[PDB]
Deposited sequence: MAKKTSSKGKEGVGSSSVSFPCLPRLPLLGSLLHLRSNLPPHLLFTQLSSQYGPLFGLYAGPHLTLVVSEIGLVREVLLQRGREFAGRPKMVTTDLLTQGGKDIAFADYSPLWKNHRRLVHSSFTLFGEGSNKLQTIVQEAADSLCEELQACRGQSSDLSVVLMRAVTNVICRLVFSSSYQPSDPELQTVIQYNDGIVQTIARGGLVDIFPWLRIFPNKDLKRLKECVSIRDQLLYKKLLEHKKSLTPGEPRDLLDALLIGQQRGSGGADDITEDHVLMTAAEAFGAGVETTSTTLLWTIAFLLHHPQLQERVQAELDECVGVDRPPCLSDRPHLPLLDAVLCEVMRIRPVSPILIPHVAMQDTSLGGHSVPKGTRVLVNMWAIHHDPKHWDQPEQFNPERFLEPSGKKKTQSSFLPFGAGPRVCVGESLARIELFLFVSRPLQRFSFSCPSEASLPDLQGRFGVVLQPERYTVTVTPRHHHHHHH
């Protein structure tokens, strides 16, 4: 009838913004209002920082050794501290990410030239580009578009997406097809991991994978220290969490610029004044591109990639609203609600980047469980989007459907778009 994110958004008007669903022994709360969600993420962030141990996830994360589906704990804090710093170093700390992402936007731009004068479907092409970026950032891969090993990775990532899309988080088989995908994935990375452990300079540099292995190098004894399996799982997750979210956010951006050609022209003016028409845009231009940033913020608001977050589990007996919340309780954060709440947003259903130009905006979550790839994401999307807008104009050749479909993320239905440069 109606997807859960809209259903509970819709019920929040008449009945409350906190809803309790029952199934089996576990209570499941759904939270559709900013104060409540802030209570879960920030205010009692630590209490609700647990994750649920499903069987798909176990396969995925070799038993909860990743970041996303592991419980808050001494081991998980060191692990994430290790991760967070790794990313910071590659993005803010220097220009390895900038370079990776610029040089990839080249390839992407080049691929698009050749697609003129078609009414191409991009999505594959972008998928490729963001996947390549993450291959680069994690292994120092040097694949070009045609490369078969890159093609392997997209194919096992793709299989995992397809598999999960049909089936379970079981919030609210064929589980063998995942194991298969997972195995080829686990092996290929491990190989890369072996290749990396052999050539390893701690001072620096040269890779997210290096950076974890160093961190794991410094690994006194069991209790709260990361094994090597977490390194591998964290590398796998950089794709798992990073590709489909980033590619989709790009797919929406473009989808919306088709509906708003004027706005696409306005951002293109911004780029022309501020950046050359030759120079590639780089991170230092960010402050000087206020509209673009607005556009990006708006896309992330209006079509949240995960309109319901992965559950937050109640680590101890706690409370929410003024209501007690037993240990083990699952809490679904309704990202669509808080991003479409008319109490907090004027014309929340209209695409208006100007609303970010002049509070309950949490595109990356927040609190202990906040996105660990936020800095990387933001840089990815800035760099990617400035370049194609600088080099290309995207028009309709009937306009794409902006409702959205739920794969493993919320995403627009496949569309054709005319791609035209200068």
Since the structure holds only modelled residues, which stretches of the deposited sequence does it leave out? 1-37, 210-218, 405-412, 452-454, 480-486
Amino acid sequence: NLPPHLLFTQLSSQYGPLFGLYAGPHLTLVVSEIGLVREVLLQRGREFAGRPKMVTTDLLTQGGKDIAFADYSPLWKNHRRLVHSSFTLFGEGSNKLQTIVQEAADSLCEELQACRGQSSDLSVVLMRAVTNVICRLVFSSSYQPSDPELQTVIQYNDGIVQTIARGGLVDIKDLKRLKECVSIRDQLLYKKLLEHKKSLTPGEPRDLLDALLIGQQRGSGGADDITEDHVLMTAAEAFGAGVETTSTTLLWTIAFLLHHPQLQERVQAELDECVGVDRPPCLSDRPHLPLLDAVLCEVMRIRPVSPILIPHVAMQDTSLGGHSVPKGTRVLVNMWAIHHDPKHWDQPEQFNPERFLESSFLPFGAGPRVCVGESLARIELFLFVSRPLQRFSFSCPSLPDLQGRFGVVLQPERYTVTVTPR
From here on, numbers count along this sequence of modelled residues.
Entry B factor averaged over C-alpha atoms, 388-396 against 375-383: higher for 388-396
Quick note on 33-41 and 349-357: per-entry mean CA temperature factor is higher in 349-357
Between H312, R136, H340, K173, where does the Cα B-factor run highest in the record? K173
Per the PDB entry, maximal CA B factor within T249, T234, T329, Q262: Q262
Ranked C-alpha temperature factor of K65 among modelled chain residues, by third: lowest
B-factor third for the C-alpha atom of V130 within its chain: lowest
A49 by Cα B-factor - lowest, middle or highest third of the modelled chain: lowest
Chain third (lowest, middle, highest) by recorded CA B-factor, residue given as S306: lowest
Where does the C-alpha B-factor of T9 rank in its chain, lowest, middle or highest third? lowest
